[PDB]
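Take a look at the structure below.
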Amino acid sequence: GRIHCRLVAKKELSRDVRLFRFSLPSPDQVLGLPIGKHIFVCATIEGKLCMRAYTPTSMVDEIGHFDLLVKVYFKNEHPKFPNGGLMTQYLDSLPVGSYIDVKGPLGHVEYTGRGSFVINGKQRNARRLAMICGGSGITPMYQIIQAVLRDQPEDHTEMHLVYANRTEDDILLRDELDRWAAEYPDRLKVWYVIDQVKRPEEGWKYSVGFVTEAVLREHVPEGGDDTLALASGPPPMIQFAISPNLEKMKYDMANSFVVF
Ligand SMILES: Cc1cc2nc3c(=O)[nH]c(=O)nc-3n(C[C@H](O)[C@H](O)[C@H](O)COP(=O)(O)OP(=O)(O)OC[C@H]3O[C@@H](n4cnc5c(N)ncnc54)[C@H](O)[C@@H]3O)c2cc1C
């Protein structure tokens, strides 16, 4: 359903990493979007209305505003299409004060009470989870995580996330995890993997490269019957290294391999 939010404010978290403050129309209510869903930000562009799915990441309690951290897809910086992209750039260029158009809640995943999941029709109850994200696919997962640890200490579920990302500096929500899953052990299991390691001198101890069975062995639990997987990332980073090795890792692919 539409809404008339607005660019209340902008905080470009780094190089090409935005932090958008689109407030609500009526600041007394929430962008009440069920944990398992996302908005379809409508910004009429070119001859289309570039409806791009997005899950803000901030707190559900937060009244009258919803936060979106973006990874802007700039120009003259990338082969195959040097250009970047109409919409994200457009969301950058877009100056504050300008009213946007939101659209919750268009999804399939959704977290019921403590532990269980409702899902595309059915619903499946899971104790320990598998969170092999990828890129800025952290947020739609964060949507589950934070909630799971807020509903604590009674939810007390297990999450073995695998923040798949491309480089050391490109670990978006580092701390919001790397602060969290320290004070909360048994609860969440963080893991960070990276192709390029900019500063060996910082001292890297997490994975170096991309998702492979060995990474998917220690950092991920057994599937069998009872464990769900909540993946998120570039399709190839799914066809060859999330679906195959996990297809072999005695887990269920059809019945529960979820993406968003
Ligand atoms: C539900 C959901 C939630 C999402 N949440 C977020 C979120 O928190 N943050 C966020 O930033 N996005 C999010 N995405 C949004 C979505 O994929 C967008 O298309 C994304 O924001 C890029 O939009 P754009 O207009 O630039 O995309 P498009 O116009 O579709 O073009 C971007 C495409 O071309 C490629 N591309 C272009 N330039 C580059 C480049 N510089 N480097 C690498 N690849 C390039 C990309 O691989 C990408 O898929 C999410 C996606 C989904 C499904």
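Ordered as shown in the structure tokens, chains take letters A, B, and onward, while each chain numbers its residues from 1 and ligands are numbered from 1 in the order shown.
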
Inset, instruction - May I have the residues within 6 Å of ligand 1, computed using only C-alpha atoms and all ligand atoms, as a ChimeraX atom specification? - result: /A:38,52-55,68-71,73-74,77-78,84-88,136,139-140,260

Generate a file of the selected residues that holds N, CA, C and O atoms, formatted as a PDB file, in the first residue's frame.
ATOM      1  N   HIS A  38       9.519  -6.785   3.121  1.00  0.00           N
ATOM      2  CA  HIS A  38      10.255  -5.622   2.588  1.00  0.00           C
ATOM      3  C   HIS A  38       9.348  -4.652   1.807  1.00  0.00           C
ATOM      4  O   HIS A  38       8.292  -5.041   1.313  1.00  0.00           O
ATOM      5  N   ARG A  52      11.798  -1.344  -6.773  1.00  0.00           N
ATOM      6  CA  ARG A  52      12.852  -2.188  -6.243  1.00  0.00           C
ATOM      7  C   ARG A  52      12.623  -2.570  -4.814  1.00  0.00           C
ATOM      8  O   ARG A  52      12.505  -1.716  -3.948  1.00  0.00           O
ATOM      9  N   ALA A  53      12.597  -3.870  -4.566  1.00  0.00           N
ATOM     10  CA  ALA A  53      12.366  -4.360  -3.226  1.00  0.00           C
ATOM     11  C   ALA A  53      13.515  -3.914  -2.330  1.00  0.00           C
ATOM     12  O   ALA A  53      14.641  -3.843  -2.788  1.00  0.00           O
ATOM     13  N   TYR A  54      13.194  -3.552  -1.083  1.00  0.00           N
ATOM     14  CA  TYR A  54      14.144  -3.086  -0.031  1.00  0.00           C
ATOM     15  C   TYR A  54      13.606  -3.369   1.366  1.00  0.00           C
ATOM     16  O   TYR A  54      12.430  -3.223   1.616  1.00  0.00           O
ATOM     17  N   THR A  55      14.453  -3.815   2.273  1.00  0.00           N
ATOM     18  CA  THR A  55      14.026  -4.038   3.667  1.00  0.00           C
ATOM     19  C   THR A  55      14.812  -3.016   4.509  1.00  0.00           C
ATOM     20  O   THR A  55      16.062  -3.025   4.488  1.00  0.00           O
ATOM     21  N   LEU A  68      17.068   3.039   5.989  1.00  0.00           N
ATOM     22  CA  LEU A  68      17.569   2.237   4.889  1.00  0.00           C
ATOM     23  C   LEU A  68      19.051   2.579   4.704  1.00  0.00           C
ATOM     24  O   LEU A  68      19.392   3.757   4.550  1.00  0.00           O
ATOM     25  N   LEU A  69      19.930   1.577   4.775  1.00  0.00           N
ATOM     26  CA  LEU A  69      21.377   1.780   4.542  1.00  0.00           C
ATOM     27  C   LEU A  69      21.549   1.273   3.145  1.00  0.00           C
ATOM     28  O   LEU A  69      21.183   0.136   2.878  1.00  0.00           O
ATOM     29  N   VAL A  70      22.100   2.082   2.258  1.00  0.00           N
ATOM     30  CA  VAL A  70      22.240   1.645   0.893  1.00  0.00           C
ATOM     31  C   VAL A  70      23.669   1.573   0.492  1.00  0.00           C
ATOM     32  O   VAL A  70      24.521   2.139   1.167  1.00  0.00           O
ATOM     33  N   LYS A  71      23.912   0.816  -0.581  1.00  0.00           N
ATOM     34  CA  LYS A  71      25.233   0.597  -1.167  1.00  0.00           C
ATOM     35  C   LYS A  71      25.021   1.126  -2.577  1.00  0.00           C
ATOM     36  O   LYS A  71      24.634   0.361  -3.456  1.00  0.00           O
ATOM     37  N   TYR A  73      25.077   2.231  -6.370  1.00  0.00           N
ATOM     38  CA  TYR A  73      25.683   1.662  -7.598  1.00  0.00           C
ATOM     39  C   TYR A  73      26.113   2.718  -8.658  1.00  0.00           C
ATOM     40  O   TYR A  73      25.556   2.813  -9.752  1.00  0.00           O
ATOM     41  N   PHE A  74      27.140   3.470  -8.300  1.00  0.00           N
ATOM     42  CA  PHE A  74      27.693   4.547  -9.098  1.00  0.00           C
ATOM     43  C   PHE A  74      27.993   4.311 -10.574  1.00  0.00           C
ATOM     44  O   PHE A  74      27.823   3.197 -11.082  1.00  0.00           O
ATOM     45  N   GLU A  77      32.711   3.048 -13.099  1.00  0.00           N
ATOM     46  CA  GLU A  77      33.432   2.300 -12.059  1.00  0.00           C
ATOM     47  C   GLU A  77      33.155   0.789 -12.180  1.00  0.00           C
ATOM     48  O   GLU A  77      33.414   0.060 -11.246  1.00  0.00           O
ATOM     49  N   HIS A  78      32.655   0.303 -13.312  1.00  0.00           N
ATOM     50  CA  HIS A  78      32.381  -1.139 -13.385  1.00  0.00           C
ATOM     51  C   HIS A  78      32.077  -1.802 -14.753  1.00  0.00           C
ATOM     52  O   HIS A  78      30.952  -1.673 -15.257  1.00  0.00           O
ATOM     53  N   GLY A  84      26.395   1.763 -13.581  1.00  0.00           N
ATOM     54  CA  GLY A  84      25.806   1.638 -12.248  1.00  0.00           C
ATOM     55  C   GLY A  84      24.303   1.318 -12.122  1.00  0.00           C
ATOM     56  O   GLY A  84      23.914   0.151 -11.943  1.00  0.00           O
ATOM     57  N   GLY A  85      23.461   2.347 -12.143  1.00  0.00           N
ATOM     58  CA  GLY A  85      22.044   2.092 -12.040  1.00  0.00           C
ATOM     59  C   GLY A  85      21.134   3.266 -11.750  1.00  0.00           C
ATOM     60  O   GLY A  85      21.339   4.009 -10.795  1.00  0.00           O
ATOM     61  N   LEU A  86      20.117   3.422 -12.589  1.00  0.00           N
ATOM     62  CA  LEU A  86      19.122   4.471 -12.445  1.00  0.00           C
ATOM     63  C   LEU A  86      18.690   4.704 -11.005  1.00  0.00           C
ATOM     64  O   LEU A  86      19.130   5.663 -10.396  1.00  0.00           O
ATOM     65  N   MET A  87      17.928   3.765 -10.436  1.00  0.00           N
ATOM     66  CA  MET A  87      17.376   3.868  -9.067  1.00  0.00           C
ATOM     67  C   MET A  87      18.250   4.151  -7.844  1.00  0.00           C
ATOM     68  O   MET A  87      17.958   5.080  -7.109  1.00  0.00           O
ATOM     69  N   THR A  88      19.270   3.349  -7.562  1.00  0.00           N
ATOM     70  CA  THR A  88      20.054   3.671  -6.374  1.00  0.00           C
ATOM     71  C   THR A  88      20.670   5.061  -6.490  1.00  0.00           C
ATOM     72  O   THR A  88      20.570   5.856  -5.544  1.00  0.00           O
ATOM     73  N   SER A 136      24.792  -6.816   0.267  1.00  0.00           N
ATOM     74  CA  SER A 136      23.897  -5.986   1.082  1.00  0.00           C
ATOM     75  C   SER A 136      22.624  -6.819   1.186  1.00  0.00           C
ATOM     76  O   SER A 136      21.535  -6.347   0.890  1.00  0.00           O
ATOM     77  N   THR A 139      20.720  -7.019   5.533  1.00  0.00           N
ATOM     78  CA  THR A 139      19.496  -6.378   6.037  1.00  0.00           C
ATOM     79  C   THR A 139      18.217  -7.209   6.134  1.00  0.00           C
ATOM     80  O   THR A 139      17.531  -7.169   7.160  1.00  0.00           O
ATOM     81  N   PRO A 140      17.857  -7.960   5.081  1.00  0.00           N
ATOM     82  CA  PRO A 140      16.627  -8.774   5.147  1.00  0.00           C
ATOM     83  C   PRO A 140      16.764  -9.924   6.134  1.00  0.00           C
ATOM     84  O   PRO A 140      15.802 -10.580   6.479  1.00  0.00           O
ATOM     85  N   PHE A 260      16.115 -13.705  -0.386  1.00  0.00           N
ATOM     86  CA  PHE A 260      15.499 -12.371  -0.378  1.00  0.00           C
ATOM     87  C   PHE A 260      16.546 -11.294  -0.126  1.00  0.00           C
ATOM     88  O   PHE A 260      16.207 -10.230   0.442  1.00  0.00           O
TER      89      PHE A 260
END

Spatial neighbours of residue 65 (chain A), max dist 9 Å, only C-alpha atoms, sep filter under 6 positions, as a tab-separated table (two decimals) with N, CA, C and O atoms, in the first residue's frame:
chain	number	residue	atom	x	y	z
A	5	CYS	N	6.10	9.05	2.47
A	5	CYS	CA	7.20	9.26	3.39
A	5	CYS	C	7.93	10.51	2.88
A	5	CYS	O	7.30	11.41	2.33
A	8	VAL	N	13.69	12.66	4.94
A	8	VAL	CA	13.88	13.44	6.13
A	8	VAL	C	15.37	13.76	6.27
A	8	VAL	O	15.73	14.88	6.70
A	21	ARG	N	17.18	8.44	5.80
A	21	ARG	CA	16.20	8.74	6.86
A	21	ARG	C	14.79	9.06	6.32
A	21	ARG	O	14.30	10.19	6.50
A	22	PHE	N	14.13	8.11	5.67
A	22	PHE	CA	12.81	8.43	5.14
A	22	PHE	C	11.85	8.31	6.32
A	22	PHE	O	11.68	7.24	6.87
A	23	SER	N	11.32	9.44	6.79
A	23	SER	CA	10.37	9.43	7.92
A	23	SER	C	8.98	8.97	7.48
A	23	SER	O	8.77	8.76	6.29
A	24	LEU	N	8.03	8.88	8.42
A	24	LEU	CA	6.66	8.47	8.11
A	24	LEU	C	5.76	9.70	7.90
A	24	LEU	O	6.15	10.82	8.26
A	25	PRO	N	4.57	9.51	7.31
A	25	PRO	CA	3.67	10.64	7.07
A	25	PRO	C	3.05	11.17	8.37
A	25	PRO	O	2.91	12.39	8.58
A	27	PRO	N	3.78	10.74	12.26
A	27	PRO	CA	4.73	10.32	13.28
A	27	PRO	C	4.04	10.06	14.60
A	27	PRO	O	4.04	10.91	15.51
A	29	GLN	N	2.70	6.51	14.41
A	29	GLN	CA	2.53	5.15	13.92
A	29	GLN	C	3.89	4.69	13.43
A	29	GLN	O	4.85	5.48	13.38
A	30	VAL	N	3.97	3.39	13.11
A	30	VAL	CA	5.19	2.73	12.62
A	30	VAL	C	5.01	2.21	11.18
A	30	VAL	O	3.88	2.17	10.66
A	31	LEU	N	6.13	1.93	10.51
A	31	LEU	CA	6.09	1.34	9.17
A	31	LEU	C	5.99	-0.11	9.61
A	31	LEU	O	6.98	-0.84	9.57
A	58	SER	N	16.45	-0.64	10.69
A	58	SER	CA	16.20	-0.11	12.05
A	58	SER	C	15.10	-0.76	12.90
A	58	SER	O	14.32	-1.58	12.42

Legend entry - Neighbour list for residue 135 (chain A) as a PyMOL selection string, cut-off 7 Å, only C-alpha atoms, skip fewer than 4 positions in-chain: chain A and resi 164-165+233

Legend entry - Shell of 9 Å around residue 17 (chain A), only C-alpha atoms, local chain residues under 2 positions omitted, as a ChimeraX atom specification: /A:11-15,19,69-72,172

Closest atom pairs, residues of region 52-74 of chain A within 10 Å of region 144-162 of chain A, only C-alpha atoms, as a Markdown table:
| residue | atom | partner | partner_atom | distance |
| --- | --- | --- | --- | --- |
| A:57 | CA | A:146 | CA | 9.3 |
| A:58 | CA | A:146 | CA | 9.3 |
| A:59 | CA | A:146 | CA | 8.4 |
| A:60 | CA | A:147 | CA | 8.6 |

Inset, instruction - Show which residues sit within 6 Å of residue 133 (chain A), as a ChimeraX atom specification. Count only C-alpha atoms, and ignore same-chain residues fewer than 6 positions away. - result: /A:163-164,231-232

Store the residues picked out above, limited to N, CA, C and O atoms, as an mmCIF file, in the first residue's frame.
data_model
loop_
_atom_site.group_PDB
_atom_site.id
_atom_site.type_symbol
_atom_site.label_atom_id
_atom_site.label_comp_id
_atom_site.auth_asym_id
_atom_site.auth_seq_id
_atom_site.Cartn_x
_atom_site.Cartn_y
_atom_site.Cartn_z
ATOM 1 N N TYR A 163 28.442 -13.949 7.000
ATOM 2 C CA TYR A 163 28.400 -12.712 6.247
ATOM 3 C C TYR A 163 29.352 -12.819 5.059
ATOM 4 O O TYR A 163 30.570 -12.627 5.204
ATOM 5 N N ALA A 164 28.783 -13.196 3.912
ATOM 6 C CA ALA A 164 29.498 -13.328 2.654
ATOM 7 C C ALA A 164 29.539 -11.927 2.152
ATOM 8 O O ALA A 164 28.503 -11.257 2.128
ATOM 9 N N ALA A 231 19.320 -17.630 3.120
ATOM 10 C CA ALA A 231 20.241 -16.994 2.194
ATOM 11 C C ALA A 231 19.819 -15.663 1.590
ATOM 12 O O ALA A 231 18.640 -15.345 1.562
ATOM 13 N N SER A 232 20.798 -14.946 1.027
ATOM 14 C CA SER A 232 20.579 -13.635 0.396
ATOM 15 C C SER A 232 21.807 -13.141 -0.456
ATOM 16 O O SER A 232 22.818 -12.707 0.089
#

Got a sec to tell me which of region 152-183 of chain A DSSP assigns to helix (DSSP H, G or I), as a compact mmCIF listing (two decimals) with C-alpha atoms, in the first residue's frame?
# COMPACT_ATOMS: atom_id res chain seq x y z
CA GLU A 168 37.40 -6.29 4.07
CA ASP A 169 36.16 -2.68 3.98
CA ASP A 170 32.87 -3.85 2.50
CA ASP A 175 29.67 -4.12 14.62
CA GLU A 176 25.86 -4.33 14.78
CA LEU A 177 26.85 -7.99 14.54
CA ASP A 178 30.45 -7.94 15.94
CA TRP A 180 26.06 -8.23 19.36
CA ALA A 181 27.17 -11.91 18.87
CA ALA A 182 29.79 -11.58 21.57
CA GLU A 183 27.57 -10.57 24.45
